[PDB]
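Residue strings, one per chain:
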Amino acid sequence: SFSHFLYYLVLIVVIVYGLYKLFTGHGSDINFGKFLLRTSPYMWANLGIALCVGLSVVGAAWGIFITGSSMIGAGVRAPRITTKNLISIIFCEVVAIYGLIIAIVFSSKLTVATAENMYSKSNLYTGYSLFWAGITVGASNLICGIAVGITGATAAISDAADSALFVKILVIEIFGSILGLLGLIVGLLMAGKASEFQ
Amino acid sequence: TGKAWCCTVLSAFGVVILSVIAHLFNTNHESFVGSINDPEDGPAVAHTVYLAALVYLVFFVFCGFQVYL
Amino acid sequence: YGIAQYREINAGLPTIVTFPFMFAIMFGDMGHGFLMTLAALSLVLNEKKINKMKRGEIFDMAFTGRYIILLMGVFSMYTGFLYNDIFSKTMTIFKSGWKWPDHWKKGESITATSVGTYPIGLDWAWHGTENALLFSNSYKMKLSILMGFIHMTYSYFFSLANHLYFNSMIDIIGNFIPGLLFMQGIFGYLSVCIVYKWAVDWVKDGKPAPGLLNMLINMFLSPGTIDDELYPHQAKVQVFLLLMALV
Amino acid sequence: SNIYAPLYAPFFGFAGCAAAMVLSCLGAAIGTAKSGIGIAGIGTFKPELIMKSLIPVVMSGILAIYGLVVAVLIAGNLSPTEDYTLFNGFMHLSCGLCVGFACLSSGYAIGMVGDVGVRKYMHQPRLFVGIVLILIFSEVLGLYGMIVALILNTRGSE
Amino acid sequence: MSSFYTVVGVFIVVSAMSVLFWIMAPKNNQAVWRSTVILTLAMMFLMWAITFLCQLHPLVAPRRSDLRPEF
Amino acid sequence: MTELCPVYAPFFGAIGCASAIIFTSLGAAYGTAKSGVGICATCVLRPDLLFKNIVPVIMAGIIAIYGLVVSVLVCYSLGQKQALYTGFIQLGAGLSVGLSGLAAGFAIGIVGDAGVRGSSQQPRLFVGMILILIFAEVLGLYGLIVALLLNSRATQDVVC
Amino acid sequence: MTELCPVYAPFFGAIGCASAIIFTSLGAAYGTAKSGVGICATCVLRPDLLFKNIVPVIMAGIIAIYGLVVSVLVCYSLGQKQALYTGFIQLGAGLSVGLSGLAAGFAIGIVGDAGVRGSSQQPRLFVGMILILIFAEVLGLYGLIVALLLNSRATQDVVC
Amino acid sequence: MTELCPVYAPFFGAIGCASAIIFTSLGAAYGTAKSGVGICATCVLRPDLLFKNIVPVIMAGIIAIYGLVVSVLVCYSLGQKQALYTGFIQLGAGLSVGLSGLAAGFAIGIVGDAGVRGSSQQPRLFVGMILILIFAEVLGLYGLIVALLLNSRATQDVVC
Amino acid sequence: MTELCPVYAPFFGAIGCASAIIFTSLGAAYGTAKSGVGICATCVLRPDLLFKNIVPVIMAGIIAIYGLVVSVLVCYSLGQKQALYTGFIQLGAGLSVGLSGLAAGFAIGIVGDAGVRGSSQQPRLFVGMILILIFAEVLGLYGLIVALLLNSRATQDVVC
Amino acid sequence: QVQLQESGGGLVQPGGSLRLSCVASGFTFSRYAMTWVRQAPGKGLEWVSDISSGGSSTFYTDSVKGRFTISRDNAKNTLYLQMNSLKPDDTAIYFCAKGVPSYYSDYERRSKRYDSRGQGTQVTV
Amino acid sequence: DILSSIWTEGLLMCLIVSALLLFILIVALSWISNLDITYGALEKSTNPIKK
């Protein structure tokens, strides 16, 4: 398979390059640490914010079409489910709101730093903070949105069979929705002490 | 005929909105000439717009017959 | 959505106004509100003729909802006036509360001076202003939270109106009161703070204006500690509210 | 400047914090999703068994708490005003990897066992005590990850 | 002049005229009149009051550079 | 050169500007294609539903409008000597709406593909489709909102 | 060399110029191919519909012309000493029309193939096919609009 | 050495020269292959149409000639001391005709395979197949036009 | 600081500490998961057999104990100023128990699944399953023995 | 129209440390680079120093490379040029000039491109 | 004390951003490639056995 050949080729190239620098004594050239110090902190911050809303929306969209297609399919014989199961769509959509909210909060910190202060301790800290916090909120919302969406599909197809099953299965759905909220809480904690770009 | 109603309703607003815009230009209202990016001479553009308003009026009165008959 | 329980409070009456009005808060523009009003008004005036002729469902829904769209338009015109926006242009109906400098040259940056408060709607001085969004977003976000909370707590009180009618005293003690204290103690408190921050003249007092969003988070994650006090005894009351919510 | 506290150290601390929470959610998400399919699968055939068989979902939810606890503890140590050392950065990175992959692995097993467990529990009511016992052995896999994560965090800052 | 008491002043009269309407509302379809008008005035008032309070003591001021000097 | 204004700074603006319309175009195309087949598949037997069922194509089109709006707005802030801070703001704005609209277009396609088919067999189901489809559309709007927020800061008191 | 005009600056111009025509041609090729099979497969029984079924090919062909226009426009702006900024803008314009045109190509290909097949069974569906195709066609037009905006800004106020 | 003329500059020229024919030949080969299977399969029942059905192979062959002329033109542009700028332009010309020709050959192959089968059942369909193939053929011509314009600017005003 | 003790030395030790748990957990989970499917499938007909044939789950569970024991031992040996050599040994110890435990987990999963299913049909087979599982189990023990031997040398005769 | 106003000048002994100053109006002072040019009697305009919009980057002609420092205050629309170890060769009239947007490229500097300059002040040693 | 004379911090920032955008593009095209037309509904099929 072509794709897996590409993966192994990249892996081999990386290893050989690493050994070449290592054996010739220049092994200190790769220096990930210097790379983290010289890259501008605005890059890390903006990738964090953009992927925060981006991955969160992917989560909501991925969940919605899993539930939505099931609701429409199961609804052909039993139209009554279409309105009652809208709750399942809501639990998918809300994780986008969580991603949006974090995007508001993080945007408040994108001030312009003075040139002499550009790479100082505090500014680097904020750069790393917003990046990983944005990834954390985004990825956890992506995971949460899909998990809720899958659960919602089973709920809709159960409701079409017997109305008494719906309330029983919704308990699994609210359990799934908690994952996104915990992601939000950790996101606000990681970004809590980060100062504005001075 | 249906095609007359589309033109007459569209041209009706084409008379009002254009005429109002021309009036604000002709009075050098800040909302239309205030910025260094707006056109330089109110009355000139106002005159240009007024002609457009008259054009729509011709369409309006003509289509009035088409919906009337 | 679903048929109401017998003698239950009908969801209809509250919906008559709050449905088109909540729409108007989003769809705020006098020009678009006016155009939509004319469309609805024509359907209303001609209804005797439209009623008899047969209709496709894409058109029948519009006719069935004609009185919805009519209010949907009228309220849109009202909110468009408060946003002071017609076809993306502001309206200079009153004297502005902001005064510009006495002199400046071409291409020279200026800042306005406050001399009053605009009587109805957004002051038209904000148009084309380079920091307009930094203001209006603070305005509309706070508007949405306040209207949302008020709408929720209003309809929640229908729960009490059901319980008293059915003499379900157990629900008053069991569900209504605990739920009321829980949400009023957190998001009611936030609503109060939002309104309060507008009343205080921070620059005159020289005090630092507090960040409400940070304040909201901290009262949960670090109770009893404050960066900037919104009012005296801030910390003492907040820990009480947290304990009340937990209990 | 202290050479043991280079300014890029917080990067690895946050990376561990992110790994702790994200991977734990992935473990929890798999566990509930797979179990939910099993619970819904028997719904049309034996409605009575549902409320007394959500155990896999509840246990799958605990995995998220393991992640939360470690992520909270890491986030409590990082600060812009402290000489957060590079040694501490690596230690908190391992904190995330340990609890993260431990919870991910545990969530996968809880999902697989939970699904067939309830899905065949409808055929044989005596089966249930066995399902719970297997889930417990599947559960502790996540717990071991948290234990080491707490020990790493304890040593890193000291 | 303007102050927070300006909003309270409007609140009092809106409250007064609404409770007055509650009494004078027509008997025919009384429930629809009593609900729609009173709720409309209340909800309509909130939109004005919020938009008014937001402009009493602003923490930011208009800035621009494009305005012609004779404005 | 200047430390705040390296010569490569405009790249992030240019690629962000392009990304905004590219990713939304792919999302809108997928939504138009997948639902378009569904319209053809149903209209052969139920041609009267044609213009009623076309809504999913309409909503997919709106996602591209969001991409065009953001792309235009950032484009009007490009410049040779722009600061690096401005560049990454533009990238964030373009990537935010692009990645958001891409997902929204896919969801509109998959739901719309099912929706028009269901509309044929169960007339009550059309409104059910419309309700679900809006909450796919709005996901593109949230991307636009973040883009507008970031863009609003692109030139505020930035100094080379 | 003057750091605002590195020797490698025209590389992005050349790749931008080539990208504009390459990716749209792939889009137009797919649209012509996928719909072409549908036309042939239907017209064997219904030759009378042949010159009505041709439209999807024409629209897929137009997508290529957008890229030709942009490619020619940026082509005239290349130079030995152009600014790096001009290079990035040309790259952005090329990718914008190119990959957006590719997205439109897929949509026209799919709906065109499905449309003509359905239109053989149900003559009222042809108007529906044309209406959907226009929404797909417009996606390429958005790509052109962004590309022309970027190009108009590619050489103003540059200090090479 | 010279700043504007790095010793490695001809590399992009050689790759552009080779790329022009390589990718075009790949396109023409596929067009000949798919169409060839169609011809051999269709005319067993009906050999009198054989020489009428060759046309798609002719057009697939014509694509290759676009590759030849661009490659030949570049081949005489190359030189040991050529500037870097003309290196990029040669690469741009090579890719422009190359990948655009590859797309055209792909379309000609698929339409030829489908058309040549139908045209033996329905004799009225032949003019339709030719019409569609012209639209596919033109996609190669656009790549040539861009390539020639680029090659015109390759060295008209370059300096070392 | 000293060349024998770079500030990044703890990285290798920290990765080794995590490696011991990552891979052992995957081995234990796979062994538990596929053994559970076998147990749940058989007990429908033979519920009285459950607590006898559950043994494979115990065997899979013990693999996680190995990972925990090694992980804690290296964890108590990490330090801010440890030598680089100490880092490599800890990495080797972590990989040794980790990936060897993963191998044991896969063996227990496959053998347990087949053995439990077979044991429901033939009671004589149970002792056979236990013997084969003992051989699968011991593959984990060998990895632990190497890991403990390595760790014992991680600080012996070391100089800063 | 744009307006600029120099300050500081007069006679100074060799080795002196005079400080020049400039204030401007009619343009966004933060948006443009700023330049000092001096003319010795009978000579053409000589490029002295220039400073970017942010005040983060500067250029000094070799005649003053260690003797002058240039600084900016965007809040007061004003420009400064501190001097020390002043010597007779510095005897010239000094002009405050509005430069190119943001910052000077090498080409713009060597072209001595500036938009406008004030009525300079005389310095003698 | 530079990072590299070739792989400068400026070049690496451009590349990893490009890598992210290219990855998103590939995933997008990987979904588009799987659009299959529902031929069965579009083409009439008949038999004499059914009513």
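Residues numbered from 1 in each chain as written, not as in the entry; some residues may be left out. Chains lettered and ligands numbered in written order. Part of a larger assembly, values for the part shown. Heavy atoms only, no water. Residues with missing side-chain atoms left out of burial classes, pairs and counts.

In its metadata, the entry names cryo-EM as the structure determination method and reports 3.4 Å as the resolution.

**Quick look at the interface of chain E and chain C**
As a reminder of what qualifies: Only heavy atoms matter for contacts: two residues are in contact if any of them lie within 4.5 Å across the pair. Take the accessible area each of two parts loses on contact, using a 1.4 Å probe, and add the two losses: that sum is the buried area. Every case where a carboxyl oxygen of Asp or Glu lies within 4 Å of a side-chain nitrogen of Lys or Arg is listed as a salt bridge. Two N or O atoms count as a polar contact when they lie within 3.5 Å, although within protein this holds only if one can serve as hydrogen donor and the other as acceptor, and sequence-adjacent residues are included solely when both atoms are side-chain atoms. Helical segments are the DSSP runs of H or I of at least four residues, strand segments are the runs of E of at least two, and each set is numbered from the N terminus. Three classes are used, and their members are as follows: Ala, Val, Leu, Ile, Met, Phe, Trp, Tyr, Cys and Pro are nonpolar, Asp, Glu, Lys and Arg are charged, and the others, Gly among them, are polar. Between any two strands, at least two bridges found by DSSP are needed for them to pair.
Facing the 33 residues of chain E at the interface are 51 residues of chain C. Interface of chain E and chain C: buried area, both sides summed, is about 4100 Å²; carbon and sulfur atoms make up 72% of it. Area buried by chain E at its contact with chain C is led by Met47(E), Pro62(E) and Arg64(E), which between them contribute 18% of it. For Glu130(C), the salt bridge identified is with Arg63(E), shortest N-O distance 2.7 Å. Across the contact surface, chain E and chain C share 12 residue pairs in polar contact. Looking at which element gives the most residues to the side of chain E that touches chain C, the answer is helix α2 (residues 30-53) of chain E, with 15 residues. Taken together, the residues that form the side of chain E that touches chain C break down as 22 nonpolar, 8 polar and 3 charged. Pairing of strand β2 (residues 110-111) of chain C with strand β1 (residues 63-64) of chain E involves 2 bridges; the strand directions are antiparallel. Paired with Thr111(C) across the bridge in β1(E) is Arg63(E).

**Quick word on the packing of helix α9 (residues 212-221) of chain C against helix α10 (residues 234-246) of chain C**
Residue and element names in this part refer to chain C. Put simply, the rule reads: For helices, the axis comes from a line fit to the C-alpha atoms of the stretch in contact; other axes are also lines fit to C-alpha atoms, and the angle between any two N-to-C directions lies between 0 and 180 degrees. By definition, turning the near helix anticlockwise from the far helix through less than a right angle yields a left-handed crossing, and turning it clockwise yields a right-handed one.
Look at α9 against α10: their axes get within 10 Å of each other, and the N-to-C directions meet at 60°. In this structure, α9 meets α10 at a crossing whose hand is right-handed. Taken together, the residues of α10 that come into contact with α9 (itself represented by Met215, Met219 and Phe220) are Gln234, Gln238 and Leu242. Taken together, the residues of the contact of α9 with α10 sort by class into 4 nonpolar, 2 polar and no charged.

**Here's the deal with the packing of helix α1 (residues 9-43) of chain G against helix α2 (residues 55-75) of chain G**
All names here are of chain G. Inclusion rule: Small angles under 35 degrees read as roughly parallel and large ones over 145 as roughly antiparallel, with 65 to 115 read as roughly perpendicular and the rest as oblique.
Running from N to C, α1 and α2 point in directions that differ by 175°, and their axes come no closer than 8 Å. Classed by the angle they form, the pair α1 and α2 counts as roughly antiparallel. Packed against α1, whose contacting residues are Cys17, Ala20, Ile21, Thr24, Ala28, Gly31, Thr32, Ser35 and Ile39, the element α2 presents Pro56, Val57, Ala60, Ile63, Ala64, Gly67, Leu68, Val70, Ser71, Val74 and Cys75 at the interface. Residues of the contact of α1 with α2, tallied by class, amount to 14 nonpolar, 6 polar and no charged.

**Thoughts on the sheet that holds strand β8 (residues 78-83) of chain J**
Residue and element names in this part refer to chain J. The 4 strands are arranged β1-β3-β8-β7 in an open sheet whose pairing can be described as antiparallel. Among the strands making up the open sheet, the edge pair consists of β1 (3-7) and β7 (68-73). With direction set aside, neighbouring strand axes in the sheet form an average angle of 15°. In this sheet, β8 lies alongside β7 in antiparallel orientation, the contact comprising 6 bridges. Among the inter-strand pairings, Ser71 is bridged to a residue of β8, identified as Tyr80.

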